[PDB]
Each structure stands twice: as structure tokens, then as C-alpha cells.
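The file input00.pdb comes next; it holds PDB, C-alpha atoms and all ligand atoms.
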```pdb
ATOM      1  CA  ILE A   1      10.787  73.829-105.671  1.00  0.00           C
ATOM      2  CA  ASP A   2       8.623  71.354-103.731  1.00  0.00           C
ATOM      3  CA  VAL A   3      10.798  70.395-100.760  1.00  0.00           C
ATOM      4  CA  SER A   4       8.073  68.055 -99.459  1.00  0.00           C
ATOM      5  CA  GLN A   5       8.756  65.779-102.435  1.00  0.00           C
ATOM      6  CA  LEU A   6      12.479  65.783-101.653  1.00  0.00           C
ATOM      7  CA  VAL A   7      11.943  64.802 -98.013  1.00  0.00           C
ATOM      8  CA  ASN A   8       8.745  62.765 -98.585  1.00  0.00           C
ATOM      9  CA  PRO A   9       8.759  61.459-102.168  1.00  0.00           C
ATOM     10  CA  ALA A  10       5.590  60.070-103.702  1.00  0.00           C
ATOM     11  CA  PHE A  11       5.640  56.320-104.265  1.00  0.00           C
ATOM     12  CA  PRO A  12       5.478  55.463-107.997  1.00  0.00           C
ATOM     13  CA  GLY A  13       2.921  52.692-107.394  1.00  0.00           C
ATOM     14  CA  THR A  14      -0.179  51.801-105.385  1.00  0.00           C
ATOM     15  CA  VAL A  15      -0.549  51.149-101.651  1.00  0.00           C
ATOM     16  CA  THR A  16      -3.460  49.401 -99.914  1.00  0.00           C
ATOM     17  CA  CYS A  17      -4.381  49.938 -96.252  1.00  0.00           C
ATOM     18  CA  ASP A  18      -6.242  46.752 -95.362  1.00  0.00           C
ATOM     19  CA  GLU A  19      -8.040  45.826 -92.137  1.00  0.00           C
ATOM     20  CA  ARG A  20      -5.040  43.750 -91.046  1.00  0.00           C
ATOM     21  CA  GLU A  21      -2.070  44.514 -93.308  1.00  0.00           C
ATOM     22  CA  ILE A  22      -0.420  46.972 -95.697  1.00  0.00           C
ATOM     23  CA  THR A  23       0.147  45.940 -99.310  1.00  0.00           C
ATOM     24  CA  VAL A  24       2.685  47.988-101.256  1.00  0.00           C
ATOM     25  CA  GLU A  25       2.295  47.428-104.995  1.00  0.00           C
ATOM     26  CA  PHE A  26       5.341  48.372-107.061  1.00  0.00           C
ATOM     27  CA  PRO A  27       5.101  49.617-110.664  1.00  0.00           C
ATOM     28  CA  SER A  28       5.981  46.930-113.198  1.00  0.00           C
ATOM     29  CA  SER A  29       9.184  47.763-115.089  1.00  0.00           C
ATOM     30  CA  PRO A  30      12.396  45.963-116.113  1.00  0.00           C
ATOM     31  CA  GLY A  31      14.295  48.471-113.991  1.00  0.00           C
ATOM     32  CA  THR A  32      12.079  47.611-111.017  1.00  0.00           C
ATOM     33  CA  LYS A  33      13.070  43.979-111.638  1.00  0.00           C
ATOM     34  CA  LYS A  34      16.504  45.039-110.308  1.00  0.00           C
ATOM     35  CA  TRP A  35      15.213  46.453-107.006  1.00  0.00           C
ATOM     36  CA  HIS A  36      15.204  45.077-103.482  1.00  0.00           C
ATOM     37  CA  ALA A  37      12.881  46.302-100.750  1.00  0.00           C
ATOM     38  CA  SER A  38      12.873  46.060 -96.968  1.00  0.00           C
ATOM     39  CA  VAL A  39      10.880  47.558 -94.108  1.00  0.00           C
ATOM     40  CA  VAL A  40      12.879  50.019 -92.002  1.00  0.00           C
ATOM     41  CA  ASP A  41      12.421  52.605 -89.282  1.00  0.00           C
ATOM     42  CA  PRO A  42      12.711  56.288 -90.295  1.00  0.00           C
ATOM     43  CA  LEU A  43      16.484  56.088 -89.674  1.00  0.00           C
ATOM     44  CA  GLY A  44      16.834  53.024 -91.915  1.00  0.00           C
ATOM     45  CA  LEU A  45      17.323  50.489 -89.111  1.00  0.00           C
ATOM     46  CA  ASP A  46      15.629  47.099 -89.232  1.00  0.00           C
ATOM     47  CA  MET A  47      12.583  46.785 -86.963  1.00  0.00           C
ATOM     48  CA  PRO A  48      13.142  43.733 -84.740  1.00  0.00           C
ATOM     49  CA  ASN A  49       9.847  41.815 -84.591  1.00  0.00           C
ATOM     50  CA  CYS A  50       8.646  42.812 -88.081  1.00  0.00           C
ATOM     51  CA  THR A  51       8.041  39.891 -90.452  1.00  0.00           C
ATOM     52  CA  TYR A  52       6.757  40.632 -93.954  1.00  0.00           C
ATOM     53  CA  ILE A  53       5.981  38.757 -97.175  1.00  0.00           C
ATOM     54  CA  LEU A  54       7.483  39.457-100.612  1.00  0.00           C
ATOM     55  CA  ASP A  55       5.731  38.240-103.770  1.00  0.00           C
ATOM     56  CA  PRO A  56       8.061  38.567-106.790  1.00  0.00           C
ATOM     57  CA  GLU A  57       5.343  37.570-109.274  1.00  0.00           C
ATOM     58  CA  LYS A  58       2.827  40.213-108.155  1.00  0.00           C
ATOM     59  CA  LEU A  59       5.578  42.689-107.120  1.00  0.00           C
ATOM     60  CA  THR A  60       3.973  43.249-103.722  1.00  0.00           C
ATOM     61  CA  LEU A  61       5.226  43.642-100.155  1.00  0.00           C
ATOM     62  CA  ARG A  62       2.831  42.741 -97.341  1.00  0.00           C
ATOM     63  CA  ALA A  63       3.373  43.799 -93.740  1.00  0.00           C
ATOM     64  CA  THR A  64       1.208  43.732 -90.628  1.00  0.00           C
ATOM     65  CA  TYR A  65       0.465  46.902 -88.695  1.00  0.00           C
ATOM     66  CA  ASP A  66       2.008  45.398 -85.550  1.00  0.00           C
ATOM     67  CA  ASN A  67       5.814  45.544 -85.236  1.00  0.00           C
ATOM     68  CA  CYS A  68       6.225  46.924 -88.779  1.00  0.00           C
ATOM     69  CA  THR A  69       4.740  50.429 -88.465  1.00  0.00           C
ATOM     70  CA  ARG A  70       5.115  53.411 -86.156  1.00  0.00           C
ATOM     71  CA  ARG A  71       2.088  55.072 -84.620  1.00  0.00           C
ATOM     72  CA  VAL A  72       1.737  58.665 -85.841  1.00  0.00           C
ATOM     73  CA  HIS A  73      -1.003  61.245 -85.521  1.00  0.00           C
ATOM     74  CA  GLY A  74      -4.179  59.872 -87.076  1.00  0.00           C
ATOM     75  CA  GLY A  75      -2.943  56.350 -87.769  1.00  0.00           C
ATOM     76  CA  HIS A  76       0.068  54.200 -88.592  1.00  0.00           C
ATOM     77  CA  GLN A  77       3.201  55.020 -90.595  1.00  0.00           C
ATOM     78  CA  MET A  78       5.553  52.606 -92.378  1.00  0.00           C
ATOM     79  CA  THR A  79       8.921  53.156 -94.054  1.00  0.00           C
ATOM     80  CA  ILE A  80      10.549  51.028 -96.752  1.00  0.00           C
ATOM     81  CA  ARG A  81      14.058  51.158 -98.207  1.00  0.00           C
ATOM     82  CA  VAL A  82      14.699  50.442-101.899  1.00  0.00           C
ATOM     83  CA  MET A  83      18.197  49.580-103.136  1.00  0.00           C
ATOM     84  CA  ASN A  84      19.730  48.949-106.552  1.00  0.00           C
ATOM     85  CA  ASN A  85      21.648  45.748-107.359  1.00  0.00           C
ATOM     86  CA  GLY A  86      22.151  55.454-104.531  1.00  0.00           C
ATOM     87  CA  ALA A  87      19.213  54.451-102.327  1.00  0.00           C
ATOM     88  CA  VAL A  88      15.694  55.768-101.721  1.00  0.00           C
ATOM     89  CA  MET A  89      13.126  55.597 -98.926  1.00  0.00           C
ATOM     90  CA  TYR A  90       9.358  55.962 -98.999  1.00  0.00           C
ATOM     91  CA  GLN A  91       6.857  56.465 -96.209  1.00  0.00           C
ATOM     92  CA  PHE A  92       3.205  55.447 -96.085  1.00  0.00           C
ATOM     93  CA  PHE A  93       0.304  56.395 -93.809  1.00  0.00           C
ATOM     94  CA  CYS A  94      -2.861  54.451 -92.962  1.00  0.00           C
ATOM     95  CA  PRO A  95      -5.635  55.895 -90.758  1.00  0.00           C
ATOM     96  CA  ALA A  96      -6.829  54.172 -87.606  1.00  0.00           C
ATOM     97  CA  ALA A  97     -25.012  50.925 -88.864  1.00  0.00           C
ATOM     98  CA  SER A  98     -28.645  51.996 -89.355  1.00  0.00           C
ATOM     99  CA  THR A  99     -29.873  48.398 -89.344  1.00  0.00           C
ATOM    100  CA  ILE A 100     -33.611  47.701 -89.232  1.00  0.00           C
ATOM    101  CA  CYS A 101     -34.887  44.382 -87.875  1.00  0.00           C
ATOM    102  CA  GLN A 102     -38.009  42.506 -88.940  1.00  0.00           C
ATOM    103  CA  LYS A 103     -39.686  39.191 -88.150  1.00  0.00           C
ATOM    104  CA  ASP A 104     -38.015  37.502 -91.138  1.00  0.00           C
ATOM    105  CA  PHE A 105     -35.677  40.179 -92.510  1.00  0.00           C
ATOM    106  CA  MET A 106     -32.952  42.604 -91.646  1.00  0.00           C
ATOM    107  CA  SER A 107     -32.700  45.918 -93.439  1.00  0.00           C
ATOM    108  CA  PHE A 108     -30.148  48.673 -93.655  1.00  0.00           C
ATOM    109  CA  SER A 109     -29.487  51.778 -95.678  1.00  0.00           C
ATOM    110  CA  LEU A 110     -26.212  53.017 -97.038  1.00  0.00           C
ATOM    111  CA  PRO A 111     -25.080  56.250 -98.737  1.00  0.00           C
ATOM    112  CA  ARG A 112     -24.309  56.273-102.460  1.00  0.00           C
ATOM    113  CA  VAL A 113     -21.210  58.407-101.994  1.00  0.00           C
ATOM    114  CA  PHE A 114     -19.104  57.518-105.081  1.00  0.00           C
ATOM    115  CA  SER A 115     -17.083  60.715-104.444  1.00  0.00           C
ATOM    116  CA  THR A 116      -8.304  65.870-105.357  1.00  0.00           C
ATOM    117  CA  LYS A 117      -9.687  63.006-107.480  1.00  0.00           C
ATOM    118  CA  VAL A 118     -10.621  61.049-104.339  1.00  0.00           C
ATOM    119  CA  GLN A 119     -13.440  58.489-104.319  1.00  0.00           C
ATOM    120  CA  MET A 120     -15.483  56.851-101.552  1.00  0.00           C
ATOM    121  CA  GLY A 121     -17.571  53.743-102.090  1.00  0.00           C
ATOM    122  CA  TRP A 122     -19.405  50.921-100.370  1.00  0.00           C
ATOM    123  CA  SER A 123     -19.482  47.204-101.097  1.00  0.00           C
ATOM    124  CA  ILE A 124     -21.121  44.114 -99.616  1.00  0.00           C
ATOM    125  CA  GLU A 125     -18.867  41.159 -98.822  1.00  0.00           C
ATOM    126  CA  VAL A 126     -19.738  37.558 -97.968  1.00  0.00           C
ATOM    127  CA  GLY A 127     -17.663  34.644 -96.749  1.00  0.00           C
ATOM    128  CA  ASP A 128     -14.590  34.179 -94.582  1.00  0.00           C
ATOM    129  CA  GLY A 129     -11.076  34.851 -95.890  1.00  0.00           C
ATOM    130  CA  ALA A 130     -11.301  33.063 -99.253  1.00  0.00           C
ATOM    131  CA  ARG A 131     -14.212  35.072-100.700  1.00  0.00           C
ATOM    132  CA  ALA A 132     -14.426  38.617-102.092  1.00  0.00           C
ATOM    133  CA  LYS A 133     -16.635  41.712-102.340  1.00  0.00           C
ATOM    134  CA  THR A 134     -19.744  40.792-104.346  1.00  0.00           C
ATOM    135  CA  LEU A 135     -20.702  44.493-104.694  1.00  0.00           C
ATOM    136  CA  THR A 136     -21.796  44.047-108.310  1.00  0.00           C
ATOM    137  CA  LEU A 137     -25.585  44.039-108.601  1.00  0.00           C
ATOM    138  CA  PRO A 138     -25.788  40.655-110.400  1.00  0.00           C
ATOM    139  CA  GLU A 139     -23.796  38.931-107.657  1.00  0.00           C
ATOM    140  CA  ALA A 140     -25.544  40.728-104.792  1.00  0.00           C
ATOM    141  CA  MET A 141     -28.975  39.821-106.146  1.00  0.00           C
ATOM    142  CA  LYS A 142     -27.800  36.258-106.824  1.00  0.00           C
ATOM    143  CA  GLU A 143     -27.132  36.148-103.077  1.00  0.00           C
ATOM    144  CA  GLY A 144     -30.722  37.262-102.344  1.00  0.00           C
ATOM    145  CA  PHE A 145     -30.168  40.979-101.624  1.00  0.00           C
ATOM    146  CA  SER A 146     -33.165  43.066-102.668  1.00  0.00           C
ATOM    147  CA  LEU A 147     -32.191  46.702-103.183  1.00  0.00           C
ATOM    148  CA  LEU A 148     -33.985  50.055-103.155  1.00  0.00           C
ATOM    149  CA  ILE A 149     -32.117  52.988-104.717  1.00  0.00           C
ATOM    150  CA  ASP A 150     -33.020  56.686-104.755  1.00  0.00           C
ATOM    151  CA  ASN A 151     -31.013  59.785-105.657  1.00  0.00           C
ATOM    152  CA  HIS A 152     -29.488  59.898-102.171  1.00  0.00           C
ATOM    153  CA  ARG A 153     -29.485  56.467-100.469  1.00  0.00           C
ATOM    154  CA  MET A 154     -29.266  52.734-101.096  1.00  0.00           C
ATOM    155  CA  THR A 155     -31.524  50.487 -99.018  1.00  0.00           C
ATOM    156  CA  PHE A 156     -31.036  46.727 -98.730  1.00  0.00           C
ATOM    157  CA  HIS A 157     -33.566  44.101 -97.659  1.00  0.00           C
ATOM    158  CA  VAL A 158     -32.296  40.581 -97.083  1.00  0.00           C
ATOM    159  CA  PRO A 159     -34.081  37.570 -95.566  1.00  0.00           C
ATOM    160  CA  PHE A 160     -32.410  35.807 -92.652  1.00  0.00           C
ATOM    161  CA  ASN A 161     -32.270  32.562 -94.701  1.00  0.00           C
ATOM    162  CA  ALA A 162     -30.272  34.238 -97.498  1.00  0.00           C
ATOM    163  CA  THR A 163     -26.830  33.075 -98.593  1.00  0.00           C
ATOM    164  CA  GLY A 164     -25.441  36.587 -98.151  1.00  0.00           C
ATOM    165  CA  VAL A 165     -26.359  36.576 -94.458  1.00  0.00           C
ATOM    166  CA  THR A 166     -24.009  34.730 -92.129  1.00  0.00           C
ATOM    167  CA  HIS A 167     -25.883  33.177 -89.201  1.00  0.00           C
ATOM    168  CA  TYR A 168     -24.305  32.465 -85.806  1.00  0.00           C
ATOM    169  CA  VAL A 169     -25.731  30.494 -82.882  1.00  0.00           C
ATOM    170  CA  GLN A 170     -24.185  30.366 -79.399  1.00  0.00           C
ATOM    171  CA  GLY A 171     -26.698  28.306 -77.451  1.00  0.00           C
ATOM    172  CA  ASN A 172     -30.029  30.126 -77.368  1.00  0.00           C
ATOM    173  CA  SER A 173     -28.678  33.440 -78.708  1.00  0.00           C
ATOM    174  CA  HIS A 174     -28.868  33.995 -82.469  1.00  0.00           C
ATOM    175  CA  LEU A 175     -26.982  36.555 -84.541  1.00  0.00           C
ATOM    176  CA  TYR A 176     -27.307  37.677 -88.167  1.00  0.00           C
ATOM    177  CA  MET A 177     -24.546  39.697 -89.796  1.00  0.00           C
ATOM    178  CA  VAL A 178     -23.751  41.156 -93.218  1.00  0.00           C
ATOM    179  CA  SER A 179     -20.178  42.388 -93.613  1.00  0.00           C
ATOM    180  CA  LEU A 180     -19.548  45.649 -95.462  1.00  0.00           C
ATOM    181  CA  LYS A 181     -16.426  47.323 -96.839  1.00  0.00           C
ATOM    182  CA  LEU A 182     -16.032  51.102 -97.090  1.00  0.00           C
ATOM    183  CA  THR A 183     -13.450  51.797 -99.780  1.00  0.00           C
ATOM    184  CA  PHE A 184     -11.572  55.026-100.471  1.00  0.00           C
ATOM    185  CA  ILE A 185      -9.606  55.365-103.706  1.00  0.00           C
ATOM    186  CA  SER A 186      -6.884  57.966-104.253  1.00  0.00           C
ATOM    187  CA  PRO A 187      -4.188  58.079-106.946  1.00  0.00           C
ATOM    188  CA  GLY A 188      -1.609  55.606-105.692  1.00  0.00           C
ATOM    189  CA  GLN A 189      -3.475  54.616-102.527  1.00  0.00           C
ATOM    190  CA  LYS A 190      -6.474  52.475-101.561  1.00  0.00           C
ATOM    191  CA  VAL A 191      -7.893  52.511 -98.017  1.00  0.00           C
ATOM    192  CA  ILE A 192     -10.381  49.915 -96.780  1.00  0.00           C
ATOM    193  CA  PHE A 193     -12.424  49.838 -93.581  1.00  0.00           C
ATOM    194  CA  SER A 194     -14.647  47.026 -92.328  1.00  0.00           C
ATOM    195  CA  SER A 195     -18.215  47.373 -91.109  1.00  0.00           C
ATOM    196  CA  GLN A 196     -21.235  45.199 -90.426  1.00  0.00           C
ATOM    197  CA  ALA A 197     -25.005  45.367 -90.491  1.00  0.00           C
ATOM    198  CA  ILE A 198     -26.136  43.351 -87.485  1.00  0.00           C
ATOM    199  CA  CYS A 199     -29.573  42.305 -86.268  1.00  0.00           C
ATOM    200  CA  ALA A 200     -29.821  40.050 -83.193  1.00  0.00           C
ATOM    201  CA  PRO A 201     -33.332  38.949 -82.156  1.00  0.00           C
ATOM    202  CA  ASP A 202     -34.726  38.426 -78.687  1.00  0.00           C
ATOM    203  CA  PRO A 203     -34.292  34.745 -77.721  1.00  0.00           C
ATOM    204  CA  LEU A 204     -37.945  34.428 -76.674  1.00  0.00           C
ATOM    205  CA  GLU A 205     -39.109  36.107 -79.889  1.00  0.00           C
ATOM    206  CA  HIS A 206     -36.739  34.004 -82.003  1.00  0.00           C
ATOM    207  CA  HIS A 207     -37.959  30.795 -80.337  1.00  0.00           C
ATOM    208  CA  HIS A 208     -41.490  31.666 -81.573  1.00  0.00           C
TER     209      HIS A 208
HETATM  210  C1  LIG B 301       9.253  42.294 -79.732  1.00  0.00           C
HETATM  211  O1  LIG B 301       8.951  41.029 -79.143  1.00  0.00           O
HETATM  212  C2  LIG B 301       9.508  40.862 -77.830  1.00  0.00           C
HETATM  213  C3  LIG B 301       9.174  39.455 -77.391  1.00  0.00           C
HETATM  214  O2  LIG B 301       8.516  39.447 -76.131  1.00  0.00           O
HETATM  215  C4  LIG B 301       8.958  41.930 -76.886  1.00  0.00           C
HETATM  216  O3  LIG B 301       9.592  41.802 -75.618  1.00  0.00           O
HETATM  217  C5  LIG B 301       9.201  43.322 -77.455  1.00  0.00           C
HETATM  218  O4  LIG B 301       8.571  44.303 -76.638  1.00  0.00           O
HETATM  219  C6  LIG B 301       8.659  43.410 -78.878  1.00  0.00           C
HETATM  220  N1  LIG B 301       8.935  44.717 -79.455  1.00  0.00           N
HETATM  221  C7  LIG B 301       7.979  45.538 -79.905  1.00  0.00           C
HETATM  222  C8  LIG B 301       6.570  45.038 -79.783  1.00  0.00           C
HETATM  223  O5  LIG B 301       8.240  46.637 -80.386  1.00  0.00           O
HETATM  224  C1  LIG B 302       4.652  41.407 -82.789  1.00  0.00           C
HETATM  225  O1  LIG B 302       4.783  41.958 -81.466  1.00  0.00           O
HETATM  226  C2  LIG B 302       4.115  41.184 -80.457  1.00  0.00           C
HETATM  227  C3  LIG B 302       4.251  41.944 -79.158  1.00  0.00           C
HETATM  228  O2  LIG B 302       3.153  41.687 -78.292  1.00  0.00           O
HETATM  229  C4  LIG B 302       4.715  39.781 -80.396  1.00  0.00           C
HETATM  230  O3  LIG B 302       4.013  39.008 -79.429  1.00  0.00           O
HETATM  231  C5  LIG B 302       4.632  39.115 -81.763  1.00  0.00           C
HETATM  232  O4  LIG B 302       5.291  37.854 -81.741  1.00  0.00           O
HETATM  233  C6  LIG B 302       5.270  40.006 -82.826  1.00  0.00           C
HETATM  234  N1  LIG B 302       5.164  39.402 -84.146  1.00  0.00           N
HETATM  235  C7  LIG B 302       4.010  39.202 -84.797  1.00  0.00           C
HETATM  236  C8  LIG B 302       4.126  38.564 -86.148  1.00  0.00           C
HETATM  237  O5  LIG B 302       2.923  39.517 -84.319  1.00  0.00           O
HETATM  238  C1  LIG B 303     -36.439  30.864 -96.443  1.00  0.00           C
HETATM  239  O1  LIG B 303     -37.720  31.280 -95.965  1.00  0.00           O
HETATM  240  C2  LIG B 303     -38.773  30.398 -96.379  1.00  0.00           C
HETATM  241  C3  LIG B 303     -40.071  31.019 -95.917  1.00  0.00           C
HETATM  242  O2  LIG B 303     -39.876  31.844 -94.776  1.00  0.00           O
HETATM  243  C4  LIG B 303     -38.541  29.001 -95.807  1.00  0.00           C
HETATM  244  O3  LIG B 303     -39.532  28.125 -96.332  1.00  0.00           O
HETATM  245  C5  LIG B 303     -37.154  28.485 -96.174  1.00  0.00           C
HETATM  246  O4  LIG B 303     -36.895  27.257 -95.502  1.00  0.00           O
HETATM  247  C6  LIG B 303     -36.077  29.514 -95.823  1.00  0.00           C
HETATM  248  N1  LIG B 303     -34.775  29.055 -96.279  1.00  0.00           N
HETATM  249  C7  LIG B 303     -33.879  28.467 -95.478  1.00  0.00           C
HETATM  250  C8  LIG B 303     -34.275  28.317 -94.036  1.00  0.00           C
HETATM  251  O5  LIG B 303     -32.791  28.086 -95.895  1.00  0.00           O
END
```

Translate this structure into C-alpha cells?
Amino acid sequence: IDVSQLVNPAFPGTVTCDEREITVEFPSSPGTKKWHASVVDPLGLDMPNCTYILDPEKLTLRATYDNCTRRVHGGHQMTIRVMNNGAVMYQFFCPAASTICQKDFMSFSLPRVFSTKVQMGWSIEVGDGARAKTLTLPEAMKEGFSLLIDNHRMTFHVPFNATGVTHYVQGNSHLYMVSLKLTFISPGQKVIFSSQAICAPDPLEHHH
């Protein structure tokens, strides 16, 4: 008998640990159409400042890390209560650049990792809030990213004028940044971290 499944049951759907929020994704079923869900402390008591979003069409529950989770060793823990019309509780856990500059380019190199059936993978993202991860080679090269690939590494070369490079100016200082997402995939759980490849020039050098 596996007692750890009696005290800590496995959620029958997916969970996503985002940079700013937790998305719990329930399995689609007519029986799950008769469920209600709420965020609770390990005793089942409502957490006071926690506000969360329910989407009945996508069957998702979204909660911020602040006020909705408890800090545990290695990261954050959240508890939800699921009720019919017998009740069940589930707990979730979320854990807490080699850039090269050039006169007209920035360059960086990233591992081709791609690997208990756990996967690790990288992706390039562009835009602010509305956009998505353009990881796919057609999209990345449509944004101007030239790519060198060997058995062990992936190396990117992008001009500063490229659409995939966000450019910031605060007075005389200039900053070039490509955002990256490191994605881990496990059965029933996705975990996403954020990262950047950043190349700031010298103001005198940038002024030419
Ligand atoms: C909830 O918000 C109130 C408002 O100031 C604050 O006093 C309290 O500490 C908060 N509780 C938390 C963050 O657990
Ligand atoms: C979360 O807790 C903080 C405590 O500093 C409070 O200021 C805030 O209003 C609470 N709610 C949200 C949605 O952040
Ligand atoms: C891209 O670089 C070329 C040559 O360096 C330049 O002519 C062009 O204006 C740049 N694109 C921009 C600044 O959008």
C-alpha cells in the first residue's frame, strides 16, 4: 500500500508553475462538471488575502504565489479543496547567460537538453504579455535569429536591429535584451522559469 498517495494524492490533471502564477488544469469530464474548487490552507481554512480566477470554459484555476501559497522547503506550496454538488484535497509544489557582444550583434549559446519521463527545454520569447514563445525555427528565423547547432549546443546570432530583440533607452544608456523560457515537463506538471540574454554597450562606444 502506498500511504503517500493516501495522504498526498496525485492530481488527475496538469499544473503549471508560471513566473507569476499557478494554473491548475482539471481533467475534462462530465463528472468534473459537477465539481467546485477553492484554495485553502493545509487545514482547509480560507486564506484571507488570496484572490484567484476560475475559468469554467477552460476548466482552470489561477492563483498568484503571494497570499495563496505557503512557503515550503525549495519553493511554494498550494492546497485546493474539491467538493461535490465526500471531499478531497490536493497539494502542489513550485520551486523558487553566456552572452557575447559585438559591434552590431549579440550572441549567446544555449544547451540542447531535451531531457522519470521528465523533459527540459529552452525557448525564445518576444513581446510583452500578449505574445508567446516563438521557439519554432520558422518563427525564430522570421524574427531574424540566425542559429548554429551542433551535437551539444545551440548558438544564436541576432542583430541589434532585429524584431526579436527588444531595445531600451534611458537617456544615453542603451540596453538590448532577448527573453528566454526554460521549460520542464513532467506528467501532470509544467514548470517555467524566465531568463534573458542581455548585452549593454558602452555609451561612448554606442555613440560612435
Ligand atoms: C493581508 O493583508 C493585510 C493588509 O495590510 C496585511 O496586514 C496582512 O499581513 C496580509 N496577510 C498576509 C500577507 O498573509
Ligand atoms: C497580498 O498580500 C499583500 C501583502 O503585502 C497585500 O498588499 C496585497 O493586497 C495582497 N493581495 C494581492 C492580490 O497581492
Ligand atoms: C539593420 O542594420 C542595417 C545595417 O547595419 C541598417 O541599414 C538598418 O537600418 C538596420 N535596421 C533597423 C535599424 O531597423

| field | Surrounding residues as a ChimeraX atom specification, ligand LIG 302 (chain B), max 6 Å, all atoms listed in the file | value | /A:49,51,66-67

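Residues in contact with ligand LIG 301 (chain B) comprise residues 41, 46, 47, 48, 49, 50, 51, 65, 66, 67, 68, 69, 70 and 71 of chain A, where contact means an atom-to-atom distance of at most 12 Å counting all atoms listed in the file.
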
Can I get the residues close to ligand LIG 303 (chain B) as a short mmCIF file (atom, residue, chain, number, x, y, z; two decimals) with C-alpha atoms, keeping the file's coordinate frame, where close means within 9 Å and we count only C-alpha atoms and all ligand atoms?
```cif
data_model
loop_
_atom_site.label_atom_id
_atom_site.label_comp_id
_atom_site.auth_asym_id
_atom_site.auth_seq_id
_atom_site.Cartn_x
_atom_site.Cartn_y
_atom_site.Cartn_z
CA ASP A 104 -38.02 37.50 -91.14
CA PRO A 159 -34.08 37.57 -95.57
CA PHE A 160 -32.41 35.81 -92.65
CA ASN A 161 -32.27 32.56 -94.70
CA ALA A 162 -30.27 34.24 -97.50
CA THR A 163 -26.83 33.08 -98.59
#
```

| said: My list of candidates is A:110, A:178, A:88, A:132. Which is closest to residue 150 (chain A) when distances are computed with only C-alpha atoms? | reply: A:110

| said: Which residues, named as in the file, does the PyMOL selection byres (((chain A and resi 187) around 8) and not hetatm) pick out? Answer as JSON, numbers by chain. | reply: {"A": [14, 117, 118, 185, 186, 188, 189]}

Using C-alpha atoms, can you export the residues from the last selection as a PDB file, in the frame of the given file?
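selection.pdb written:
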```pdb
ATOM      1  CA  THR A  14      -0.179  51.801-105.385  1.00  0.00           C
ATOM      2  CA  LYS A 117      -9.687  63.006-107.480  1.00  0.00           C
ATOM      3  CA  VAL A 118     -10.621  61.049-104.339  1.00  0.00           C
ATOM      4  CA  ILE A 185      -9.606  55.365-103.706  1.00  0.00           C
ATOM      5  CA  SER A 186      -6.884  57.966-104.253  1.00  0.00           C
ATOM      6  CA  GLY A 188      -1.609  55.606-105.692  1.00  0.00           C
ATOM      7  CA  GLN A 189      -3.475  54.616-102.527  1.00  0.00           C
TER       8      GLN A 189
END
```

| Evaluating the PyMOL selection byres (((chain A and resi 32) around 12) and not hetatm) on the displayed file yields which residues, as an MDAnalysis selection string? | chainID A and resid 12:13 25:31 33:37 56 59:60 82:85

| message | On this structure, the PyMOL selection byres (((chain A and resi 112) around 12) and not hetatm) would catch which residues? List them as a PyMOL selection string, sorted by chain and number. | response | chain A and resi 109-111+113-115+119-123+148-155+182

Selected residues written out with C-alpha atoms, as a CSV table (one decimal), in the frame of the given file:
```csv
chain,number,residue,atom,x,y,z
A,109,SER,CA,-29.5,51.8,-95.7
A,110,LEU,CA,-26.2,53.0,-97.0
A,111,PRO,CA,-25.1,56.2,-98.7
A,113,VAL,CA,-21.2,58.4,-102.0
A,114,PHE,CA,-19.1,57.5,-105.1
A,115,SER,CA,-17.1,60.7,-104.4
A,119,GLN,CA,-13.4,58.5,-104.3
A,120,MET,CA,-15.5,56.9,-101.6
A,121,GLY,CA,-17.6,53.7,-102.1
A,122,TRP,CA,-19.4,50.9,-100.4
A,123,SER,CA,-19.5,47.2,-101.1
A,148,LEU,CA,-34.0,50.1,-103.2
A,149,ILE,CA,-32.1,53.0,-104.7
A,150,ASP,CA,-33.0,56.7,-104.8
A,151,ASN,CA,-31.0,59.8,-105.7
A,152,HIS,CA,-29.5,59.9,-102.2
A,153,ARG,CA,-29.5,56.5,-100.5
A,154,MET,CA,-29.3,52.7,-101.1
A,155,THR,CA,-31.5,50.5,-99.0
A,182,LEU,CA,-16.0,51.1,-97.1
```

Residues at most 6 Å from region 91-98 of chain A, counting all atoms listed in the file, excluding those fewer than 3 positions away in the same chain, as a JSON list (two decimals) with C-alpha atoms, keeping the file's coordinate frame?
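File produced: part_1.json:
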```json
[["chain", "number", "residue", "atom", "x", "y", "z"],
["A", 17, "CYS", "CA", -4.38, 49.94, -96.25],
["A", 74, "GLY", "CA", -4.18, 59.87, -87.08],
["A", 75, "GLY", "CA", -2.94, 56.35, -87.77],
["A", 76, "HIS", "CA", 0.07, 54.20, -88.59],
["A", 77, "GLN", "CA", 3.20, 55.02, -90.60],
["A", 78, "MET", "CA", 5.55, 52.61, -92.38],
["A", 79, "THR", "CA", 8.92, 53.16, -94.05],
["A", 108, "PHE", "CA", -30.15, 48.67, -93.66],
["A", 197, "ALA", "CA", -25.00, 45.37, -90.49]]
```

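One distance worth recording is that between CA of residue 22 (chain A) and CA of residue 5 (chain A), which is 22.0 Å.
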
Report as AutoDock Vina command-line options the centre and the edge lengths, in Å to one decimal, of the axis-aligned box holding every listed atom of region 123-132 of chain A, padded by 8 Å on each side.
```
--center_x -16.1 --center_y 40.1 --center_z -98.3 --size_x 26.0 --size_y 30.1 --size_z 23.5
```

| task | Quick one: residues within 10 Å of (-20.3, 36.9, -94.6) (file frame), counting only C-alpha atoms, please, as JSON, numbers by chain. | result | {"A": [124, 125, 126, 127, 128, 129, 131, 132, 133, 163, 164, 165, 166, 167, 176, 177, 178, 179, 180, 196]}

| said: When you look at residue 142 (chain A) with a cut-off of 12 Å (counting only C-alpha atoms), what residues show up, excluding the ones that are within fewer than 4 positions of it in the same chain? I need them as an NGL selection string. | reply: :A and (134-138 or 146-147 or 158 or 162-164)

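Between CA of residue 39 (chain A) and CA of residue 64 (chain A) the interatomic distance comes to 11.0 Å.
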
| field | All residues 12 Å or closer to residue 173 (chain A), only C-alpha atoms, same chain fewer than 5 positions away omitted, as a VMD selection string | value | chain A and resid 167 to 168 199 to 207

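CA of residue 183 (chain A) is positioned 26.1 Å from CA of residue 105 (chain A).
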
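Proximity ranking of A:43, A:89, A:63, A:6 relative to residue 21 (chain A) places A:63 first, based on all atoms listed in the file.
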